[PDB]
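Asker:
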Amino acid sequence: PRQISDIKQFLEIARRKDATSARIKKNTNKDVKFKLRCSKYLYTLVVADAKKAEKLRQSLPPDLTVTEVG
Amino acid sequence: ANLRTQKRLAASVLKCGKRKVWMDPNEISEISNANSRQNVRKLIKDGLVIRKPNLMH
Amino acid sequence: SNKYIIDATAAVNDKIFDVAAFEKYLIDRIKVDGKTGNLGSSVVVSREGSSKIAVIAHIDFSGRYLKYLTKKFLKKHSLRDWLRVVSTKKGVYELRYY
RNA sequence: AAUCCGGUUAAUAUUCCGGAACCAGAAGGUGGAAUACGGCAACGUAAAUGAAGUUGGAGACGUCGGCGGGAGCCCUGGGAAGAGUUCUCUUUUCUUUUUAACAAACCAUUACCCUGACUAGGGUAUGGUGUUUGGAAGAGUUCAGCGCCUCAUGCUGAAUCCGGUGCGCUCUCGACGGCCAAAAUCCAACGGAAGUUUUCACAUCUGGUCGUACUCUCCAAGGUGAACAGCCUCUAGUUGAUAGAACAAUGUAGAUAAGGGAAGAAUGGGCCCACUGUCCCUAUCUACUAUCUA
Numbered sequence: 002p003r004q005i006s007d008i009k010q011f012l013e014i015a016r017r018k019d020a021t022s023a024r025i026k027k028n029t030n031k032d033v034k035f036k037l038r039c040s041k042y043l044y045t046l047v048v049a050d051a052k053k054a055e056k057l058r059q060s061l062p063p064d065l066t067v068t069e070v071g
Numbered sequence: 002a003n004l005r006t007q008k009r010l011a012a013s014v015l016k017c018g019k020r021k022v023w024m025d026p027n028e029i030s031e032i033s034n035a036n037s038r039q040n041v042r043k044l045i046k047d048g049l050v051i052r053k054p055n056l057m058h
Numbered sequence: 009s010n011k012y013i014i015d016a017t018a019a020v021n022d023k024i025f026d027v028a029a030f031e032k033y034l035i036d037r038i039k040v041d042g043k044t045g046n047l048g049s050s051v052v053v054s055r056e057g058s059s060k061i062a063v064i065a066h067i068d069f070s071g072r073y074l075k076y077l078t079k080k081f082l083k084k085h086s087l088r089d090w091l092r093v094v095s096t097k098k099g100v101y102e103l104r105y106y
């Protein structure tokens, strides 16, 4: 569990094959937590801006497994 | 007849003692066939069997 | 400040307790600082319509105390079996039947 | 050397499940630097050659007492929920109210260095002890509601909060005062033989054998009582050891008994005084045994 605050790094992390799946959890505070599980660490990025979260979801790599809120 | 293995099981899912259970005296038929933990979990949600709250300190 | 709402629509419909009876019981049993009717300006009890009672208090007003006060009337009316006080929402208390 | 959580059985969990990490070892690959650094200083960084030979630290250390730091239990206030009490009084009474492993930044009771000739001014390290976040609410717990011939056992809402206290109890760490193991294993230094660098980061893999069920020195609530004496309750666990039935003598045992008070309980006290069924003189009661029935 290593939270990441760099959007570009998260996109680069998704670009590399180290990422396995990405889960976007909708919290009560209306902040989208983009949690991506890698081989050695869990990458979680919390974005309060819905448009930024929507842009991040749209820009996510096609190979990544996008998951809704569990 | 012998409810021993069924009440003792119920207390285990009841997380309290074996004497901390209670049922009415006229439903012995439908409890006797409940053998697994899933059967008991169905029964506790029904409320036919139930604990009792603690009485004072 | 804080607003406490007690729903009496079910009681009015079932005629278990009237709105005036609830208001009279509330007025006669409002032990503000241990004194009945001592609500003053800090706490104002204004039941809007004959279906609910609203209390606006500038100080702390315990919902349990209101529920405890409401339980006395139900015990006096012997309607506890057929009517129970429930917490519909934070600061909202309602009466539920069996 | 290195793992925790939640859930799961008729009987299993740090092993199983779901989720999340850590360790060791292994190669090559990528990128980064490489052809080490600044400060008078303690010391610090992403890396930053080291043969033979030499040295050290840890492992690896006696006992007791007090103090500080923290945690938990217990105690207690407020909020929420539920239940109980009530014409009367009681915002009452009782129950519950969670955040691991590890991963990111924050912070000394102590010692060292600089100025100073102890006091005093600037840094230095351990940060067990916390200042948020991920994990992590999606989990769990408690209420309210619904789904329905049905193994439908799900579904919907919420809350799961703000605190405080310690001659308490337990443990832990730390600054003092005294009273007086070894081996396994790991790290570093000196050293200067040799003429791309790995102790930087990221990606990759795998991790054998055996015990593991079950029955019995450790775990140990509160109150009342001065007290670990004694009781009570809570937690939890039993109602099991052949019974029934009646109550004479006998025997055990516990008591009470007029008047006298060693003629055979008193509080015990200072031969004396007091005391008493030891005795005169035994009487009565209760319980058990005895007795019957199976």
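Chains as they are written, first to last, in the authors' numbering: chain k, 2 to 71; chain R, 2 to 58; chain U, 9 to 106. Here a beta-carbon is modelled for each residue, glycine too, at the ideal position from N, C-alpha and C.
For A62 (chain U), which option in U:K80, U:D41, U:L34 and U:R72 has the closest C-alpha, if you only look at C-alpha atoms?
Answerer: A62 (chain U) has its Cα closest to that of U:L34, out of U:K80, U:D41, U:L34 and U:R72.
Asker: Who are the near neighbours of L47 (chain U) in its chain, counting only those whose CB is closer than 7 Å to its CB and skipping five residues on each side?
Answerer: So the list reads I38, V40 and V53, once near-sequence residues are dropped.
Asker: Using the C-alpha atoms, what's the distance from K27 (chain k) back to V41 (chain R)?
Answerer: Whole-angstrom Cα-Cα distance: 35 Å.
Asker: When you compare the region 38 to 52 of chain R with the region 13 to 27 of chain U, are there three or more beta-carbon pairs, one atom per stretch, that lie closer than 8 Å?
Answerer: Output reads no: the region 13 to 27 of chain U does not touch the region 38 to 52 of chain R.
Asker: According to DSSP, simplified to helix, strand and coil, what is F25 (chain U)?
Answerer: Coil at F25 (chain U), not helix or strand.
Asker: Who pairs with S95 (chain U) in a beta bridge, going by DSSP?
Answerer: U:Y101.
Asker: Taking the alpha-carbon positions, what's the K43 (chain U) to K75 (chain U) distance?
Answerer: So the alpha carbons of these two residues sit roughly 18 Å apart.
Asker: Since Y12 (chain U) sits in a beta bridge, which residues does DSSP pair it with?
Answerer: Answer is U:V63.
Asker: Provide the residue(s) that pair with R3 (chain k) in DSSP beta bridges, ordered along the chain.
Answerer: Bridge partners of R3 (chain k): k:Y44.
Asker: What are the start and end residues of each continuous alpha helix (DSSP H) run of 4 or more residues lying completely inside the region 14 to 40 of chain R, in chain order?
Answerer: List check, alpha helix (DSSP H) in window: 29 to 33.
Asker: Which residue comes first and which comes last in the beta strand (DSSP E) that contains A23 (chain k)?
Answerer: It spans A20 to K27 - the beta strand (DSSP E) in which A23 (chain k) sits, taken as one unbroken run.
Asker: Excluding sequence positions up to five away, which residues of its chain have a Cβ less than 7 Å from the Cβ of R88 (chain U)?
Answerer: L82.
Asker: Could you name the residues that DSSP lists as bridge partners for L37 (chain k)?
Answerer: Paired residue(s): k:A23 and k:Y44.
Asker: With C-beta atoms as the reference, is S60 (chain k) less than 7 Å away from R38 (chain k)?
Answerer: Result no, Cβ atoms of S60 (chain k) and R38 (chain k) do not sit closer than 7 Å.
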